[PDB]
Amino acid sequence: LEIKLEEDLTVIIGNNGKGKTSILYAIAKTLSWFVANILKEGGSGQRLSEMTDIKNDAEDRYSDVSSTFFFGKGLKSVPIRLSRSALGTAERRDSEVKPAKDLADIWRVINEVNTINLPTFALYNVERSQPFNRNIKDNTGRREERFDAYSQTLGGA
DNA sequence: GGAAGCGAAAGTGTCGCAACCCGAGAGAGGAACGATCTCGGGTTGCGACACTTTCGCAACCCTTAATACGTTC
RNA sequence: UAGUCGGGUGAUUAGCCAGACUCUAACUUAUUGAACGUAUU
Ligand SMILES: Nc1ncnc2c1ncn2[C@@H]1O[C@H](COP(=O)(O)OP(=O)(O)O)[C@@H](O)[C@H]1O
């Protein structure tokens, strides 16, 4: 499947069990690498599940999620591919996440040398709408500091 | 293909809390014996969370290259 | 309207001017090797 995401707003519609949540999940997994390498040099983002994400029928028992990002005329393409092979497969497929690491390295290094505006990556899935608020004191890393905005940003809730 | 570090993802154990049970005990009433509410352990079920295991990113570039100037794979 | 093509001007990778295109839809890449162009030859 291929999609042509719009620059400002894209709406995905369909019946139940058509793959809209799957598309959002794949995009969030792709953005996790950008978030991780912004927070942490050479950081590891999320990866495709080897138990559920690969198509049940399949022909090669592996799945790929290719994404291309635009960052102006100076960087017209940032290709990142997430790949995973199914359980019990001799040949394992690797992911091509280097350009995302390079772009996030640019962001992080420039920001530390001189403060810049950082991009926002958020996922609001069905795990939202959970009851209650402020369940625990949540000793988690000083919400005041700037890089706390990337904590659990693509978790769904 | 995959050091060395490290973190994601998934599975499993554990451990504390709640909920209840059960015997002991001082003693309400009203004229005695012991109702009834509480104290102190003890057991079980459960779920959040810690702990455990596996995978995968991607150093280096091996003895072993050539060195007019440009695109392309 | 975008976006794209690129003829001109421009101390010139920028800015501007004229013109044109639109399958749902480019993202310019890699050497010393191979071939191509060019220069010595
Ligand atoms: N690994 C898989 N192989 C084949 N079909 C799958 C797999 N995982 C999910 N599906 C199917 O694809 C659909 C996934 O649903 P989902 O992506 O949440 O769609 P939506 O948000 O449109 O309801 C369901 O119909 C599910 O049965």
Side-chain angles (χ1 to χ4, degrees), chain A residues 1-14 18-56 58 60-109 112 119 121-142 145 147-157:
Chain A
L1 185 74
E2 190 202 336
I3 312 101
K4 182 175 73 175
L5 277 296
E6 293 270 327
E7 190 277 331
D8 57 356
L9 173 70
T10 310
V11 191
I12 308 166
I13 65 172
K18 301 297 281 185
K20 317 180 294 294
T21 293
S22 303
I23 289 164
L24 287 197
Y25 160 93
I27 298 169
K29 295 288 220 207
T30 288
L31 293 178
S32 56
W33 287 87
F34 277 113
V35 164
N37 279 261
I38 283 178
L39 280 172
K40 195 263 195 202
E41 176 196 59
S44 73
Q46 313 173 41
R47 57 184 58 172
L48 296 184
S49 169
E50 68 184 336
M51 293 180 183
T52 45
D53 286 346
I54 295 90
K55 190 164 191 184
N56 281 338
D60 312 281
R61 300 307 293 146
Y62 75 76
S63 79
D64 293 350
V65 177
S66 300
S67 303
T68 296
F69 290 84
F70 184 84
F71 191 30
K73 302 310 198 252
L75 197 45
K76 288 179 182 177
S77 89
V78 189
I80 190 167
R81 157 168 76 72
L82 302 193
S83 300
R84 202 76 193 270
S85 184
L87 283 168
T89 306
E91 271 196 60
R92 320 294 301 167
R93 191 158 175 81
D94 49 281
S95 302
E96 201 264 332
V97 300
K98 196 179 291 291
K101 303 192 145 181
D102 286 334
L103 186 47
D105 279 22
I106 295 187
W107 276 326
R108 186 190 67 250
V109 169
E112 183 178 1
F121 304 116
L123 161 77
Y124 296 107
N125 212 321
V126 176
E127 296 107 343
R128 77 193 169 183
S129 78
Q130 65 182 357
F132 280 93
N133 279 316
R134 259 192 61 190
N135 295 317
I136 316 170
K137 57 183 176 291
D138 208 33
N139 215 48
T140 310
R142 292 188 296 272
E145 61 86 20
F147 283 89
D148 198 80
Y150 284 122
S151 79
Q152 291 94 48
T153 181
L154 293 144

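Below, chain A is the first sequence line, B the second, and so on; all start at residue 1.
For the ring pair (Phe, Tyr, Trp, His ring centres under 6.0 Å) test, no residue two or more places apart in sequence or in another chain qualifies with A:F121. In this structure, A:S66 has no side-chain hydrogen bond (donor to acceptor under 3.5 Å, both in side chains) partners at least two apart in sequence or on a different chain. Applying the side-chain hydrogen bond (donor to acceptor under 3.5 Å, both in side chains) rule to A:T140 yields the partners A:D138; only residues at least two apart in sequence or on another chain are considered. Checked against side-chain hydrogen bond (donor to acceptor under 3.5 Å, both in side chains), A:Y62 has no partners two or more places apart in sequence or in another chain. A:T52 meets the side-chain hydrogen bond (donor to acceptor under 3.5 Å, both in side chains) test with A:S49; sequence neighbours excluded. In terms of the side-chain contact (heavy atoms from CB on, under 4.5 Å) criterion, A:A149 has no residue partners (sequence neighbours excluded).
A glycosidic torsion no more than 90° from 0 defines the syn conformation; B:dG41 lies beyond that range and is anti. Classification of B:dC33 as syn follows from a glycosidic angle within 90° of 0. Anti is the glycosidic conformation of B:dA8, whose angle departs from 0 by more than 90°.
A:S32 comes within contact range of no nucleotide atom at all, as no heavy-atom separation falls under 4.0 Å. Heavy atoms of A:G43 sit nowhere under 4.0 angstrom from any nucleic acid atom.
Between A:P119 and A:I38, the shortest heavy-atom distance links the atoms CG-CD1, 4.1 Å.
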Could you pull out all donor-acceptor pairs under 3.5 Å where a side-chain atom in residues 125-137 of chain A meets a protein atom, sequence neighbours excluded?
none

Solution key, residues 23-33 of chain A side-chain donor-acceptor pairs under 3.5 Å, sequence neighbours excluded:
unit_1 : atom_1 : unit_2 : atom_2 : d
A:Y25  : OH     : A:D53  : OD1    : 3.4
A:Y25  : OH     : A:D53  : OD2    : 2.6
A:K29  : NZ     : A:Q46  : OE1    : 3.2
A:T30  : OG1    : A:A26  : O      : 3.3
A:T30  : OG1    : A:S67  : OG     : 3.3
A:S32  : OG     : A:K29  : O      : 2.4
A:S32  : OG     : A:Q46  : N      : 3.1
A:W33  : NE1    : A:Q46  : O      : 2.8

Show which side-chain atoms of residues 96-109 of chain A pair as donor or acceptor with protein atoms under 3.5 Å away, not counting sequence neighbours.
unit_1 : atom_1 : unit_2 : atom_2 : d
A:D105 : OD1    : A:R108 : NH1    : 2.9
A:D105 : OD1    : A:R108 : NH2    : 3.4
A:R108 : NH1    : A:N37  : O      : 2.7

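If you measure from atom CG of A:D8 to atom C1' of C:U1, you get 14 Å, rounded to the nearest angstrom.
A distance of about 31 Å separates the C1' atoms of B:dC60 and B:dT71, rounded to the whole Å.
Think of the region where chain A sits on DNA chain B: with heavy atoms and a 4.0 Å cut, that region ends 5' and 3' at B:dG7 to B:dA59.
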**Canonical and wobble pairing (Watson-Crick, G-U, under 3.5 Å) of DNA chain B, dot-bracket with |** = .....(((((((((((((((((((((.........)))))))))))))))))))))...........|||.||
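Between the A:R61 side chain and the A:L87 main chain, no donor and acceptor come within less than 3.5 Å of each other.
In this structure C:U4 is paired with C:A20, meeting the Watson-Crick or G-U wobble definition at both distances under 3.5 Å.
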**Prompt:** What is the per-nucleotide protein-contact pattern of nucleotides 20-31 of chain C, from the 5' end, where B denotes a base atom under 4.0 Å from a protein heavy atom, S denotes such proximity for sugar-phosphate atoms only, and - denotes neither?
**Reply:** ----BS-BS---
